[PDB]
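Okay, so here's just one chain, in structure tokens, the form deposited in one PDB entry.
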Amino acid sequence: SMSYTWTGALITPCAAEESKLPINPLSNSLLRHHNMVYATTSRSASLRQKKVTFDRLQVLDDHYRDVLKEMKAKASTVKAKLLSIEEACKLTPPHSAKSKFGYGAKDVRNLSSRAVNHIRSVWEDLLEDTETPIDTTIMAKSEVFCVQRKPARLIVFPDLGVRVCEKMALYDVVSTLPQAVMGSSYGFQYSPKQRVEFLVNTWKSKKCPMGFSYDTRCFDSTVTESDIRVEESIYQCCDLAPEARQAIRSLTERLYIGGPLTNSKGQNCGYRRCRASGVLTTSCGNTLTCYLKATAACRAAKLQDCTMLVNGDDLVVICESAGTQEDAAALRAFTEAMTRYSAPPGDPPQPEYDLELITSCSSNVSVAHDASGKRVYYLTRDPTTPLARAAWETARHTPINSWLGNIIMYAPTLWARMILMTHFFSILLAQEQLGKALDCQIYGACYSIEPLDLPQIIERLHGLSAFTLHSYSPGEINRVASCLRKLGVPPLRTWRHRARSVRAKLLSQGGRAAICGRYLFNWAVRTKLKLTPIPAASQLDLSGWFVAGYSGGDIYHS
């Protein structure tokens, strides 16, 4: 069937859309080539519609059916809880899209009578009605990139009342079932340090390792009605409260498998028969679907001793090499099996014999050295998108600060320490806002974080070695240097000069700011301050940070 059908009504904005990086002094101090930085808008939506609209021709076989049964026998061990209205309301981000039913996210969080009454009526409707398709809004996503232009991604989501009901029935399932089913292969259970550790240990555990990333083109459009019903069959293996079992059954048929698309103007836009990006089960469903198809495809391909790592639609496989020619032919057999399963590749996969050359979750393993000179593996990425986005967030107030999440996730990197930490600490210090909590996202979930807490967070997640790394790899240094020239970012010597300046001001303030000066900026000076375990690091409630993925799931933790 067709991933989408369209009425001809346009994908419309709900307000004025900005496509150009503003010319602002603060963002200009970070990046001078502002014309290279753009935000996607509804103006490119038709280009995306064309790419995501196609017929799916899925063929399932015995290997697929065997892997499915193995996944279900593991899902059978799960006992899932039904969330109360109150618990589900508290997981709603303060700025989540308002309901069309006379209340918003603040009303949800305050447990307002109108919000609570409507959510209860939506819940009773899911229990009684197993068929009526649930309305969804289609929007063009506003995302920032560096030129060389991507069309806007399309987001599909139901009303706020429905999103609260999704949490009541499936929050516990989507949080606990993926790890029970996929074990060590579930990527969202790892912090970046644990992801680095699993990848490195997996790589070296092979006699002659071969690895590859597998990029499925427009993964959400490749997800069929059969895939969504297969996903529910896994959810149905859980011990569930009877209303949760009914709500999962009704949600699957009324929302998850497909439904009507309404634009911002309330016009009938089309119809979806594939994965909606903005529902609670997208991350979990995508991971299970990608894991199932990839595991079955590895068997068909006869790839030896596979270790997979799955994060939604992102897939990396590390296996035992059979030889160069054997590997290349087995990879083509893998791709052919994936294509039959309705998961064709974007860029055709290529076998890799160097772990540092594999990009998975838009990241790669690299090496640096700590204070003692010992090797430290850490995750890094090309800094272009992070820097373009940090320039936008400097010139405009955004609901999510990708710079803060990037510092948290990429704390050991040369670019997050020298540029991102220096830029934002300089600005926030001048603005008396180092202690002001900001929203950022970790594995799709939203967190309210004060930048002054960054040292304990970093220590906890990456270890004290994140504050001592030096002698980064030549390939890492060159990718950073080439990015700075391309975007017109000032050179690293300018960043060192700015860091020495803010470090001095941070130290003079005492308290948490002096902790920031000591740990975050020790790299900027020759006279190193002693770095000991931060007392607050050991008490950090980092429960729920690296449990599951919630991209598009409207989740607020913290």
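Start at 1 with the first residue shown and count on from there.
The same protein also has a form deposited with a small molecule bound, omitted here; what follows describes it.
From the list 489 to 497, 53 to 61, 503 to 511, 66 to 74, the contact stretch for the small molecule in the deposited bound form under a 4.5 Å heavy atom rule is 489 to 497.
Shown alone here, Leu529 lies farther than 4.5 Å from the small molecule in the deposited bound form, counting heavy atoms only. The small molecule is not shown here, but in the deposited bound form it comes within 4.5 Å of a heavy atom of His34. Looking at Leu420, you'd find a heavy atom of it within 4.5 angstroms of the small molecule in the deposited bound form. Although the partner is absent here, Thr295 lies well away from the small molecule in the deposited bound form, with no heavy atom inside 4.5 Å. None of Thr224, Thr394, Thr335, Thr307 but one reaches within 4.5 angstroms of the small molecule in the deposited bound form through a heavy atom, and that residue is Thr394.
Between the options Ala343, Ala388, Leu160, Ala169, the residue in contact with the small molecule in the deposited bound form by a heavy atom within 4.5 angstroms is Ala388.
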